[PDB]
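Protein chains in written order, with my numbering: chain A, 1 to 442; chain B, 1001 to 1066; chain C, 2001 to 2045.
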């Protein structure tokens, strides 16, 4: 029996706000400007209090002649107001800036804050790796002029999750983050991220679901009903896994002994034998195809793509990116760098092996940890104890990162930038600390 | 490749399967990786006769190659 | 006022900026830029 997918259901209730009496001006504010979702709240709380995708609508009402503004979870109330959602992220950066100001105003309104002459709380901000000077300049402008905050500090979300899962701040490990739009590999030495050996592959969740979108467009060019981006996102989330060995799995997934079990049929919502032909297996699975059935031609068949699309991270040549794979880049980092002779692991490499951490938004795909453990056992010398740590939800460990950082006041003051330092040194200033970006030169 | 430690026997099985896409058509055979460990130790028992050792030392033309 | 400044010209703007910095230094090795972290191509076929 084929399954039918839809859009995710809209929220029946709107998002509540925190009580204004519980606000104190001494507590900092933790924000995570992710490419997919926004996480906002205090520091003393450990559990999340505000998670919503970054979107905004300008709903023009006919009767009142007033442009209403719906932010984040308020966009998940009607289908028309969901479809007109606009993200501020254009590419891997931000381009429109006033949208960032009104979503920050929405977070400040929904945090239960009654401020005066701007926000009196220092803020904790995550930023992408090798961030371009213009957006951090504009960030300094908006926080140091629009919101009057006393202090600011910055860092990478992957290193922040690494510091969260290694709270001593002096450990050695190798972090891997699979973000919404980029995949990063950072070798960490003694609690400090070695960013001169960091590596980035231009693929993420957004490129993967666009790969699903144009793969489904190419596979069924005569499909009548255009399905939205959310359907592609949901069936990528629910019906995709990392293959344990892509060379051996691809030579048997088209057999009839797998297509009875490993084929997912997805029904679109609306109101000379075929056994020996692999076109009929690839398009219509192991069940015979009747072109006169109305429910039949509204169907996807996910047989090869479920193991094909997570393999783009391991081999970027499928996705068109002329880059080395995650396993090959990790081999380059681990076997020929940090004083490690190929064939003779240094103690830095041995310490990096035992603290391999996978985080990010795109670690939810099953079979990733077992596959990277299999590859690591494949290329390392025999007898090396390989440890891979994976969170239950690796999309929230960054907020745990700034929570543990601002709870640790001893090392919190090493990374902060006040109004006074910015005012004396301008926007062009780099604060060289362990858990953030370094200087662009030597 | 195949290396025996005690006698130094060298046998080339073939090129690895990961290097099978350097050319679309090639004269080399591509064998996969060995699924076991690199190092393999095994104790055998060899049974020979005295006539075999008599004929091993008494080759008139000369010793044969591998 | 603020120009829209799409992300397509931003990489070229940073490339021109870092080229300006290296040419003024030439008249200094980079450490961690956008074009230096970015991945080398695969050696295996």
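Heads up, the beta-carbon is just placed ideally off N, CA and C, and yes, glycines get one too.
Legend entry - Outcome for residue 336/A when other beta-carbon atoms lying within 10 angstroms are tallied against a minimum of 16: exposed
Legend entry - Alpha carbon of residue 222/A to alpha carbon of residue 260/A, nearest angstrom: 25 Å
Inset, instruction - Please confirm whether residue 125/A and residue 31/A have their CB atoms less than 8 Å apart. - result: yes
Inset, instruction - Could you say if the stretch 5–22 of chain A and the stretch 367–378 of chain A meet the contact criterion of at least three C-beta pairs nearer than 8 Å? - result: no
Legend entry - Element boundaries [alpha helix (DSSP H), containing residue 186/A]: Taken as a continuous stretch (DSSP letters only), residue 186/A belongs to no alpha helix (DSSP H), being part of the beta strand (DSSP E) at 183–189.
Inset, instruction - Figure out for me which residue from 295/A, 265/A and 105/A has the closest Cα to the Cα of residue 285/A. - result: 265/A
Inset, instruction - Assign residue 1018/B to one of three DSSP states: helix, strand, or coil. - result: helix
Inset, instruction - Compare the Cα-Cα distances from residue 316/A to each of 101/A, 183/A and 137/A and report the closest residue. - result: 183/A
Legend entry - Selection of the stretch 195–211 of chain A by Cβ proximity to chain C, strictly under 7 Å: 195, 196, 198, 199, 200 and 201
Inset, instruction - Note down, in chain order, each residue of its chain lying with its Cβ closer than 6 Å to the Cβ of residue 199/A, except the 5 sequence neighbours on either side. - result: 185 and 329
Inset, instruction - Would you mind reading off the limits of the beta strand (DSSP E) that contains residue 40/A? - result: 37–41
Inset, instruction - Give the residues from the stretch 1010–1022 of chain B that approach chain C closer than 7 Å (Cβ to any Cβ), ordered along the chain. - result: 1018, 1019, 1021 and 1022
Legend entry - Within chain B, partners of residue 2045/C - CB distance below 7 Å: 1019, 1021 and 1022
Legend entry - Given 8 Å, three or more beta-carbon pairs between the stretch 143–155 of chain A and the stretch 424–441 of chain A: yes
Inset, instruction - Figure out for me which residue from 167/A, 131/A and 102/A has the closest Cα to the Cα of residue 147/A. - result: 102/A
Inset, instruction - Please decide whether residue 262/A counts as near chain C, where near means a Cβ-Cβ distance under 8 Å. - result: no
Legend entry - Every unbroken alpha helix (DSSP H) within the stretch 69–136 of chain A, with a cutoff of 4 residues, ordered by chain: 79–83 and 98–109
Inset, instruction - Would you verify that the beta carbon of residue 139/A is, or is not, closer than 8 Å to some beta carbon of chain C? - result: no
Inset, instruction - For residue 441/A, return the contacting residues in chain C, with the cut-off set at a CB-CB distance below 7 Å. - result: 2028, 2030 and 2031
Inset, instruction - Using a Cβ-Cβ cut-off of 8 Å, state whether residue 2006/C counts as contacting chain A. - result: yes
Legend entry - Proximity of residue 510/A and residue 240/A at Cβ, strictly below 8 Å: As shown, chain A starts at 1 and ends at 442. That puts residue 510/A outside it, with no answer to give.
Legend entry - residue 302/A - partner residues in DSSP beta bridges: 264/A
Inset, instruction - Please decide whether residue 2042/C counts as near chain A, where near means a Cβ-Cβ distance under 8 Å. - result: yes
Inset, instruction - Return the CA-CA distance between residue 203/A and residue 181/A, expressed in angstroms with no decimal places. - result: 6 Å
Inset, instruction - Enumerate in chain order the residues of its own chain whose CB-to-CB distance from residue 118/A is below 6 Å, with the five nearest sequence positions on each side excluded. - result: 147 and 148
Legend entry - Proximity to residue 27/A [Cα-Cα], best of 403/A, 290/A and 90/A: 403/A
Inset, instruction - Closer than 6 Å by C-beta to residue 326/A: which residues in its own chain qualify, once you throw out the five before and the five after it? Chain order, please. - result: 313 and 314
Legend entry - Simplified DSSP assignment, three categories, for residue 457/A: Residue 457/A lies beyond the stretch modelled for chain A, which goes from 1 to 442, so this question has no answer here.
Inset, instruction - Spell out the partners DSSP gives residue 1045/B in its beta bridges. - result: For residue 1045/B, which the question treats as bridged, DSSP gives no partner whatsoever.
Legend entry - Inter-residue spacing [alpha-carbon to alpha-carbon] between residue 165/A and residue 356/A: 11 Å
Inset, instruction - Please report how far the alpha carbon of residue 157/A lies from the alpha carbon of residue 392/A, in whole angstroms. - result: 17 Å
Inset, instruction - Measuring alpha carbon to alpha carbon, tell me which of 41/A, 343/A and 399/A ends up nearest residue 111/A. - result: 41/A
Legend entry - Neighbouring residues, chain A, relative to residue 2039/C (Cβ below 7 Å): 199, 200, 201, 323, 324 and 329
Inset, instruction - Measure the C-alpha to C-alpha separation of residue 2041/C and residue 1057/B and round it to an integer number of angstroms. - result: 58 Å
Inset, instruction - Buried or exposed for residue 1018/B, please, with buried defined as at least 16 other CB atoms from any protein chain shown within 10 angstroms of its CB. - result: exposed
Inset, instruction - Measure the Cβ-Cβ separation of residue 498/A and residue 354/A and say whether it is below 8 Å. - result: In this structure chain A extends from 1 to 442, so residue 498/A is not present and cannot be described.
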